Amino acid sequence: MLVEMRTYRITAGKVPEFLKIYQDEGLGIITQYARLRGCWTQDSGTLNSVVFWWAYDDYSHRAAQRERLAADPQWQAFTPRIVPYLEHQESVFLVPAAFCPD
């Protein structure tokens, strides 16, 4: 397995707005293609930050599912709604330790 951890720094004060738009409009689309294991806001360090945990079987399943997501007309119609909130985006790849629970 493989987790992609993606962190979005949002326009100050606008995190609740971003999360409503994401929840009402994006969640149903993207979860057709990737397994969400967690969505969080930061309570320490850099505030106004939303952390997503995406789970894939491996890099090639990830690459294939991300293409099918990119090609989705619904998804392409959705991202312009969140883009104005996105100040900064980052991504880290994680591979489980031997004792990682699944």
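Residue numbers here begin at 1 and follow the sequence given.
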Margin query: Per the record, averaged over C-alpha atoms, which has the higher B-factor: 44-52 or 60-68?
Written below: 60-68
Check: Averaging C-alpha B-factors over each stretch, which comes out higher, 89-97 or 10-18?
Finding: 10-18
Next item on the list: Consider only the C-alpha atoms of the modelled residues in this chain, order them by B-factor as the entry records it, and name the third containing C39: lowest, middle or highest.
Entry: lowest
Check: Within this chain, which third does the Cα B-factor at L27 fall in: lowest, middle or highest?
Finding: highest
